[PDB]
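Before any comments, here is the structure.
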Amino acid sequence: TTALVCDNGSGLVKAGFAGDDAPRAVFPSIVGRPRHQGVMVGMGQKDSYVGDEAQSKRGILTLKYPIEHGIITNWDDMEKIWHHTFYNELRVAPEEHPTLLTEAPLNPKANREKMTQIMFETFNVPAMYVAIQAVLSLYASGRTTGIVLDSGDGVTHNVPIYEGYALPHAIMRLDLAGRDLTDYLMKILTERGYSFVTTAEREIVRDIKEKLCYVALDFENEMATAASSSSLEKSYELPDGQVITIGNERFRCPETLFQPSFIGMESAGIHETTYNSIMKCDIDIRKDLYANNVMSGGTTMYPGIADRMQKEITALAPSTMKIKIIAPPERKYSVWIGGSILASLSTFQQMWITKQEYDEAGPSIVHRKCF
Amino acid sequence: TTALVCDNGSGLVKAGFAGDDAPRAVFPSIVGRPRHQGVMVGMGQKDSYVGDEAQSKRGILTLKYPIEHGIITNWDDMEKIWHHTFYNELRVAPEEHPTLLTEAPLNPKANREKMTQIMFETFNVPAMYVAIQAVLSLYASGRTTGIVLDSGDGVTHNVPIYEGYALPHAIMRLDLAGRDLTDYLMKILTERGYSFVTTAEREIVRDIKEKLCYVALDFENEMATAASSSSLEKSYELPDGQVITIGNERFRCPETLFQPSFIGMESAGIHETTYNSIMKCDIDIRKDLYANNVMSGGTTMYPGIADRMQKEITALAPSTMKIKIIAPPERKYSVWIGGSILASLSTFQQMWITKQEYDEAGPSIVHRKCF
Amino acid sequence: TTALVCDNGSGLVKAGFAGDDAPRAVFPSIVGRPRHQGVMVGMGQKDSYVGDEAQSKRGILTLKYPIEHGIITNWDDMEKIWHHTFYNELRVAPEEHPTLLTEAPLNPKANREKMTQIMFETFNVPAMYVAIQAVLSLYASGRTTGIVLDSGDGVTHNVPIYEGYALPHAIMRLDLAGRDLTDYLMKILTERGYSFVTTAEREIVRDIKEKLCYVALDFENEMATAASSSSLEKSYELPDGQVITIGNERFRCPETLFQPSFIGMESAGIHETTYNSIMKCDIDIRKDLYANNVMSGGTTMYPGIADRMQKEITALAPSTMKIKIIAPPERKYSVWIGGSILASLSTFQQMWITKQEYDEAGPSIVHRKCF
């Protein structure tokens, strides 16, 4: 009695069979529709494109994401994707295989409830389970207890976990991502003496961030040194036809995660927030949580972020603690992997949700059953 | 239920039966009337000559074209031609056979409407359809999707096409032809040191263009080399009784299509215009459109034009594209052939226009039904 | 110590003396060059015409605008214009009078820097200042705080302002203008049953928009009523020799500004964009900004646009706001007037930019000094 794992990401969709250790089918979750009327005339009496079919036609077409992190607002597009995943990608029948679905942290009551109903009434699967993306990531690292920061191509969250059990009532959402960082990056460049007011320049700033941004061991020490000298300056030539320069900007951009005050947020930096989440956690797992801090997703990929996290937590630490930061090599696909191992374990078998249980208790049962 | 195909060209008329792969009746569409009164006195109490009858009497008589590309202004002459085509040429009854008619791009509302009315009220055909000359050409090459440049003996147009569907709202008209090129050709010859001010000389320049003009791989490279040296010079003796010489002129004449700035036009060269038309096209057909560029008609016959087109498009191309230029051997009769294959296909059967549909919606229905 | 005000528009140039309340010298900024070679032969061994000299010769000559809104790409032509303005128009010496220059929103770093350098090194003026066209318009209405929509004969922008201070980092550019609207207008006419495929017809559509287009109190209500009935239909006879008709088209054309979705733009309507700009603004000026919304320029002239703006903003408003729309009678020349009043005020005297300040800080200093 194996199950299918469908991971709904913030930019990519991962599908596979239970007991498999690597995804064999990955594709973005996008809907292709014409940008404007001129595109529509040449469409050829057809509506839209779904899946890999629209992937190579992306520039011309408007791509809409069924998932906003976050929250699924377009149900009609989302349905097409699941169909495409099970049929065109997986090439298996949903009725003969159970389905494992992922959910965004703090998922709305209407949104979580509608999805489960579709799986049984529409697809008519024998049994399906819904799990948290952050929870899955911890399993992949092989750690049952820990805290995982999940940043994908949409949203970033801090979720504490014990022996596979999470605390949804204690999950905080971070709205700070690379795009926000880029606007800050432009602000710092302007102070330096480089003007990036035009739209073309802003795109260039984005490229600069992606390839020329890293984080230093001590921000206050490094920022002042970079601000008063040209020792850390770098220059990059883009294929478009012009040359731009970046200096203190390279480490200042990622800094805002640690110090939100630079962008203008009421909430305190990520390093303190991680601390608050662990403090609110179970008494015998805190020791494990500090030594099991794991970051997941493409956005948090920036090298040295783990080292930078280590620097602030140790300096700002109280007294009865030790700080170690973990950054697994497979962190990009950590979320999918945890579900796979979890589904292959005996302990998780009792935690599955069936059709009969669903009808009587509703999708709400997820808070009581799902950790 | 077969149909007759009547192709109304910018100099030749092609007629035949549906399912036939080659025209068996071709003749120019001309009206013969006396040039002056002296011709009129010897006429023999008669008005004018229509069809093949006036073809061998062309020098003496004024030939008027019912079609200006373009736009049909003389209805009375045009009617005679259709009659001649169906009766004297085809030798079939219009009432027993459906008729397929062609139309010029951006055909005026009054002109398109009057023609269809004549076909049903006058000829009383069971059903008739009107198609675009450019659209037909693409079918002949066996390509359902592509972009075709149509240059005949009257006008040149760029029309994008997908699965047989065209975009009339996005069609641009080119007024640059060989005759315009010839005037330019005279201008360049004058700079060189050859004087062609007299009328007889101008005719000679025309002959020179027709037999001694070709296009080089790189215009800027070649023009400077030709201008500063006699290495590319050629001389031709006309049967009339005099000898003339052409050099850099041979490749400069066709160049204006690529670079309209030489003649004095606001609009940019043809290579850029083709690009603009494809960009405005449907998202999944653009990849096909670049690899399916097809040129049709006698004017664009000049060898090396396809090679020259290839050179500029690749050099001026952005980044996410590949450039291939197609020049089919049967391009002279490509327009007629596409209609023939199209009429023999099941998919096109649903796209035919009938008498009842016509009366309620009018000739306008053509934009909604005809691609 | 008075100054000269040179307003560089998107079609007209306004010049005058500081302390004057009305422009006494206005002329389009155009360069006259031959359309083609035939014009060139009759030129008379001369290059081009600048200023009022080329104004009555406009049909024959190609007119090039030094300013693209927007962005100045042709420096050589632009220089001639300033010379003509100060000398032939103004009839004053640039060296004895300070010069006030205007700039397009989001002006490129190279373009803004080159202009200021020319004013001091070339003209050698005692002192010159550069101001934003949108910022100037607010002063003319007599309001120091507000938000101004600037649409001329080139580009449309939304710029928030407080006590004379603007926010260039928060300025969004609108590419929607009457010409774009006209293409839409043709699309709606086609649906109705009127065919405007030919080029001559398109010009007619333009005339129709200019004289027969207005905006109704409720678009959704009115569009459906107009679509299903002939009650709002109008007909116009052009002097050329033909008669055309317009109905629902009259209010649908201006609508696209409110609802960009009709043309095919990712961005949301202007009414929402104005809201976003104010929200991002200073805390004590928002109350003033909503009650001080001012529109400037010829394109936004269409009567009822202010009334239409009022309808959507009130309906889509959250809770803690009141909506009032202001449309000053002198809005056509509002941009020039604000500079005039601003130059005559004591508060602005400290905000002027001098030669010594310029050389050390560069043209960039404009973001720090100019609001």
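Considering the conditions (1) under 30 Å from C:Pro254 (Cβ atoms); (2) in the same structural domain as C:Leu174 (by CATH); (3) not β-branched (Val, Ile, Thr), C:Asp284 is excluded by exactly one of them, (1). For the residues C:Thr145, C:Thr198, the requirement of being touching a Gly at 6+ places or on another chain (Cβ under 9 Å) and either without any contact (Cβ under 8 Å) to a residue 12 or more places away in the chain or farther than 25 Å from C:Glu255 by Cβ (or both) singles out C:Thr145. Of the strands (runs of 3 or more DSSP E) lying entirely inside region A:1-75, those containing at least 2 residues that are farther than 26 Å from A:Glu113 by Cα and within 14 Å of another protein chain (Cβ to nearest Cβ) span A:31-34, A:61-64. Among the residues making up region C:82-108, those that are charged (D, E, K, R) and surrounded by fewer than 18 Cβ atoms within 10 Å (Cβ to Cβ) are C:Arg91, C:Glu95, C:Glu96. For region B:121-163, the candidate set comprises residues that are in contact with a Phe, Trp or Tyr (Cβ under 7 Å, 6 or more places away or on another chain) and within 14 Å of chain A (Cβ to nearest Cβ); within that set, the residue that is farthest from B:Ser267 (Cα to Cα) is B:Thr145. For region A:193-211, a tally of residues being surrounded by 15 or more Cβ atoms within 10 Å (Cβ to Cβ), within 13 Å of A:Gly247 (Cα to Cα) and within 14 Å of chain C (Cβ to nearest Cβ) returns 2.
For region A:281-312, the set of residues classified as farther than 14 Å from A:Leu149 by Cα and among the β-branched types (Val, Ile, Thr) consists of A:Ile283, A:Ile285, listed by residue number.
Within region B:10-42, the residues that satisfy the criterion of being farther than 28 Å from B:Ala93 by Cα and either in contact with a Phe, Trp or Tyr (Cβ under 7 Å, 6 or more places away or on another chain) or among the small types (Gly, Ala, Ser) (or both) are B:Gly38, B:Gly42.
Please find, within region C:168-189, the residue that is nearest to the other protein chains (Cβ to nearest Cβ) out of those that are surrounded by 17 or more Cβ atoms within 10 Å (Cβ to Cβ) and more than 27 Å from A:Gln37 (Cα to Cα). Checking each candidate, the answer is C:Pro168. Does at least one position in region C:152-162 carry a residue that is surrounded by fewer than 20 Cβ atoms within 10 Å (Cβ to Cβ), within 25 Å of C:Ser137 (Cα to Cα) and of a type outside the set (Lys, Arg)? Yes - at least one qualifying residue is present in region C:152-162. Candidates in region B:318-340 are the residues that are among the β-branched types (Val, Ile, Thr) and under 15 Å from the mean Cα position of the chain (by Cα); of these, the one that is farthest from B:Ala104 (Cα to Cα) is B:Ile337. Screening C:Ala54, C:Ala25, C:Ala93, C:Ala18 for residues that are out of contact with any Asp or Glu (no Cβ under 9 Å at 6 or more places or on another chain), aliphatic (A, V, I, L, M) and touching a residue at least 40 places away in the same chain (Cβ under 8 Å) leaves exactly one candidate, C:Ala18.
When region C:341-361 is filtered for residues that are surrounded by fewer than 13 Cβ atoms within 10 Å (Cβ to Cβ) and within 30 Å of A:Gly193 (Cβ to Cβ), the ones remaining, listed by number, are C:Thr347, C:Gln349, C:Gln350, C:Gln356, C:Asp359, C:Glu360. One residue stands out in region B:341-371 among those that are in contact with a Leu (Cβ under 8 Å, 6 or more places away or on another chain) and on the phi < 0 side of the Ramachandran plot: the one that is nearest to the other protein chains (Cβ to nearest Cβ), namely B:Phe348. The helices (runs of 4 or more DSSP H) found entirely in region B:227-340 that carry 2 or more residues being of a type in the set (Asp, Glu) and either within 14 Å of chain C (Cβ to nearest Cβ) or surrounded by fewer than 21 Cβ atoms within 10 Å (Cβ to Cβ) (or both) are B:305-316. Is it fair to say B:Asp76 is surrounded by fewer than 16 Cβ atoms within 10 Å (Cβ to Cβ), of a type outside the set (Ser, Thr, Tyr) and in contact (Cβ under 8 Å) with a residue 40 or more places away in the chain? For B:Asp76, the condition - surrounded by fewer than 16 Cβ atoms within 10 Å (Cβ to Cβ), of a type outside the set (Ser, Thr, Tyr) and in contact (Cβ under 8 Å) with a residue 40 or more places away in the chain - is not met.
Basis: the model, the stated rules and, where named, an outside source; none is laboratory data. Because the Cβ atoms are built from the backbone with ideal geometry, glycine has one as well, and the counts that use them run over all protein chains shown.
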